[PDB]
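Student: Submitted below is the structure of interest, expressed as structure tokens.
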Amino acid sequence: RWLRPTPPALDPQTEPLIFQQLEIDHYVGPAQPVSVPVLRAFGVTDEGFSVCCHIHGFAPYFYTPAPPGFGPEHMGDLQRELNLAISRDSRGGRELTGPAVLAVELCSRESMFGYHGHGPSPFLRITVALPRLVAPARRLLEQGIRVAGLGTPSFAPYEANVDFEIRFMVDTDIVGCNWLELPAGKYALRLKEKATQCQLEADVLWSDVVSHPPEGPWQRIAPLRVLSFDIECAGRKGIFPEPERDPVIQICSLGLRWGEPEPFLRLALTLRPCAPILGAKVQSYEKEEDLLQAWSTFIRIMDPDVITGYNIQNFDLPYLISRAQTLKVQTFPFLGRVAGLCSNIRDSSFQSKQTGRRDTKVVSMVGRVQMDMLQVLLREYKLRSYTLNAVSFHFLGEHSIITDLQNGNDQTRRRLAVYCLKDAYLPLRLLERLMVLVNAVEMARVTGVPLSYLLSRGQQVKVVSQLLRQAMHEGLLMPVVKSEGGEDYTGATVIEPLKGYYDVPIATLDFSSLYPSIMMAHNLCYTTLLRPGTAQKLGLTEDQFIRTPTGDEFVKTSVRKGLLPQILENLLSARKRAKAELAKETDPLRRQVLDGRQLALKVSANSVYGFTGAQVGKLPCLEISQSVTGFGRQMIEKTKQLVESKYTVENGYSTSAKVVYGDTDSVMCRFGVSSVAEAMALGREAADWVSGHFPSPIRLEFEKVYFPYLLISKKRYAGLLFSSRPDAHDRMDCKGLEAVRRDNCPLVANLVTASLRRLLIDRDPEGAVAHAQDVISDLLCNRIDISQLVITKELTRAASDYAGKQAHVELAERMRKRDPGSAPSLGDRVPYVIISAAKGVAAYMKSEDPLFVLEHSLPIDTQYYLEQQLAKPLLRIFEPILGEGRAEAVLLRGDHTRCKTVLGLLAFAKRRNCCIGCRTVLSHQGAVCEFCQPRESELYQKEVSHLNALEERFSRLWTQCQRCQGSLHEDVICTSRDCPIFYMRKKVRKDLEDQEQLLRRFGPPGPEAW
Amino acid sequence: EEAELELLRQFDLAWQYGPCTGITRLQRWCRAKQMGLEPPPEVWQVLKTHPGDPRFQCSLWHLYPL
DNA sequence: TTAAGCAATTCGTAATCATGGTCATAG
DNA sequence: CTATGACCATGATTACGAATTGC
Ligand SMILES: Cc1cn([C@H]2C[C@H](O)[C@@H](COP(=O)(O)OP(=O)(O)OP(=O)(O)O)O2)c(=O)[nH]c1=O
Ligand code: SF4
Ligand SMILES: [Zn+2]
């Protein structure tokens, strides 16, 4: 629809180009100037034109040591290494490499690993023509033949085999989303006859570019173009949609320029004639071929930078591609920027111990960038459900019906289009509100990796990139060590608690950035690790090296500076600047998203240390990891000895303090005073006192005062939070307990939060007992919503769940009769509830889908929920304040309240009536019993105040759907399984149905036909 | 039949007769006739040549827990 | 060709081991 | 018609894997 502005008057012999790049690309090419791999770079100007840039003359290489013989110091054998062996038996050694310009170069460099000296050594630099020839050469120089005139006897290892685009960016100092400049007279626009579809197309040599480091005025962001879209399909009853039978009926698109607070384009393409919508364009077609063609032409002409959505990768784009393949439309799958290239669906998997394992499809688009917001949420955030409704409530606050809204009239289709446009608008709001893209651009500028790697890869490519960028400045080469496999080492210490309930303030002192500052201030690195022999026979121990608790020796900083101290120092300053910016916000959600930014930079700095100990990886050095955790243990026991030893009764102070807890970075010391001001004063004195026994940047700091405190086990405690004194209290802290885990029911987590509220804030155990009694009583009397009963568990890799029978695996692998095409896959979460049956050996035989127990009305196992979900967390919490008469107090609270329980063949009812007063079954329909007949005015009085309260609950719920829907004049259709509103509006109809019929036992209060 | 099942499905979604997914089909036909909006005399003449069948004398979504 | 670490607590299922109610037949 | 231990049946203890959170 709307086009980019027109590039007026660029003349290359006088004017430069200044543009900001988004994507890079590799390309094997003809039309050479009179190398074959030429590079592509796509970007945008400071105004809004689209620029493609072709870069020429770059070829991959690596290094290898020159062996000590008469060969690789003699030029005849250098060019003979270039020369091929013409023998017949060298077909395995000069064919797959063959005649390639590997070349011969002599340079003086060093290896990374260890500390041998300040002296370098000769290495050979071996270029290669193509990037897809470094793999057979590696298969032909190490295990292949290297008998060539006795120049290089096998073997010499390969060093610095890295990726092509990463080697380019390490070479020329270009980072992700960078400002690039072509100077005047260096670039030719009309040398390249147009093979792509951008406006400006330059054709430059790889030594002409200028990279501007992002800082000062070069810290801006260009006006990018962002698209979001959503589709609709018309299915059958029960049957989930399939790309060979179910047509695509509506596509809806939103588009904006980045930096402007509203969109500028709003389009909706439908398949029958429709009705107009104010604010958007509407076009209609009588066939699906025209609809797919129209969308492909719009996406070529608008030419967006970024494409977003929600689950567009695994649902939307391959559905469109398969549907275009079935209907024989040849011109659809050309969505990219290159004019002669069609797109294809390709599977990929990712797995780690940090995010688990996920299997995704990818679809190829060259030039353009994809950001599915579902994958960003699934990677960064740990939530309970990952539906669009659930995250839109958590962050903002909100198939067979559609097939008859489309086979109807045109106002129904207009309603369908407004629904689809709201769906297509929600991920834009989430992208701009959560500060996604600004943090992605800052991550790519601090680490130096492209913008497509932050959605596909892990935390290794970034630390490899930063280490290579720091390695070119002193002249070192990296080695290739690979081992399967070493052993584990010893991790962190935890101090033994003094368990219980405390009501005198405890002050928390901890170290900030512990492991990066250990690695900084004792000069630990790959490049300064001293081997056990190379100290000998030199004898200089003092101020030349140090010794660690695991046992290594490491050189002092008066000889070398390591590489990991400098990378860590850069990351630490970036996080410090993020916190300094975060210290001046007032909005809460903005404060937590800047907390998210600084959390991400601290995770990056700690993954630098975790790179060293990963024995399945790219470069492990477990000696360093052992030295780190040994220093950690030594320093925390130093802290505990010092804190408990100095402030004592004989040293003039009030009370000898005693440490109650410590977990590898923090110390919770109990001081003795019950005044929060005096505890805060002595705690600040203690933190600042103890910090002066270390190198720098090692510092201990005061952080909080808990008052009161509740310590249950290791990694399980709770307390109340004081930041200042006249800032009285902030909130609770629930470390580890049953309120922050997601393996349980909402009922149990709510009861634990409410019990700690009534028990820590108001200090009333009697209201707490009465609360827990009411929860158990309302459980047994069958008046608890089934939202509070849903359990969710993650469906991981299928073989570990083959090894032992679980409940959620049994529910998932059991398909439905309605739909063998929508079922949980690997990596998602399965929700279930437990119904009552008589198979007590197996709780995996009583699990059912919440919607299935909704539509089929199966009962609930209240004894399962009473003794297996609720009871034992309560016995954790309520015991330490009292004795074991407290277990008997809650099991007796239960006992006064356990005696109140509410209740094929089911069709053959008799429906025996019963007396309302004393429950005696009898013949006739009158409500009262003959012995309890007098007391009837009181028994009518009783239960009409129950009908009165059910009437008041019907009306508050069924008009809330009208305000959440938007309209007051049309029907509600919302079966949202993540809304408490749904199925709480279903049971009050039946309560009212039952309670209205019980009062017609009594006669009518008058006539009605008068 | 199979042509009489689309006439009723077309009467059920025309907005000028009312917002009807809680009641029967013949009750909505007589409600519009009282106010006399314009009920057509064909959605009546198939609700008379049938008995109490639940796929003629019921709204489209008379399943569906809404 | 691809993947940052360790410590600790909780719950469910099958298997191992203890103990009583019938029973079957020798006295 | 009546003792005795062999036989079936039901409940208490231990072991180990899976899931998830704290540093
Ligand atoms: C959270 C976390 C901690 N650690 C280690 C490194 C840390 O130095 C040590 C302390 O944990 P943390 O206190 O969580 O982190 P931190 O001390 O480095 O930073 P800050 O005080 O500002 O919050 O625990 C990891 O190795 N990986 C991790 O993911
Ligand atoms: S059931 Fe009602 S309140 Fe709940 S999400 Fe649906 S429309 Fe909104
Ligand atoms: Zn009675």
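The chains in the structure tokens are called A, B, ... from first to last as shown; in each chain the residues are counted from 1, and the ligands are counted from 1 in the order shown.
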Neighbours of ligand 3 at 12 Å or closer, counting only C-alpha atoms (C1' of nucleotides) and all ligand atoms: which residues, as an MDAnalysis selection string?
Tutor: chainID A and resid 913:922 926:936 939
Student: Within 10 Å of chain A, which residues of chain B show up when using only C-alpha atoms, listed as a count of residues only?
Tutor: 18
Student: So what do you get for CA of residue 724 in chain A versus CA of residue 707 in chain A, distance-wise?
Tutor: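 These atoms are spaced 12.7 Å apart.
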Student: Step by step, measure atom-to-atom distances between ligand 1 and each residue using only C-alpha atoms (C1' of nucleotides) and all ligand atoms, keep those at most 6 Å, then write them as a PyMOL selection string.
Tutor: (chain A and resi 511-515+606+665) or (chain D and resi 23)
Student: What does the file look like for those residues with C-alpha atoms (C1' of nucleotides), as a PDB file, in the first residue's frame?
Tutor:
```
ATOM      1  CA  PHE A 511      28.560  -9.886  48.285  1.00  0.00           C
ATOM      2  CA  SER A 512      27.637  -8.291  44.958  1.00  0.00           C
ATOM      3  CA  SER A 513      28.877  -9.851  41.677  1.00  0.00           C
ATOM      4  CA  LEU A 514      30.774 -12.555  43.532  1.00  0.00           C
ATOM      5  CA  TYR A 515      32.225 -14.863  40.885  1.00  0.00           C
ATOM      6  CA  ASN A 606      27.847 -15.189  35.064  1.00  0.00           C
ATOM      7  CA  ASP A 665      26.785 -15.386  48.845  1.00  0.00           C
TER       8      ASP A 665
ATOM      9  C1'  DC D  23      22.677 -19.497  44.498  1.00  0.00           C
TER      10       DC D  23
END
```
Student: Taking only C-alpha atoms (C1' of nucleotides) into account and nothing else, which residues of chain A lie no more than 8 Å away from chain C? Please answer as a VMD selection string.
Tutor: chain A and resid 350 to 352 458 to 460 490 to 492 607 to 611 613 to 614 616 to 617 714 to 715 804 to 805 842
Student: Just need the residues of chain A within 9 Å of chain D, counting only C-alpha atoms (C1' of nucleotides), so spit them out as a list in words.
Tutor: residues 492, 663, 664, 665, 715, 716, 735, 736, 740, 741, 742, 743, 793, 794, 800, 801, 803 and 804 of chain A
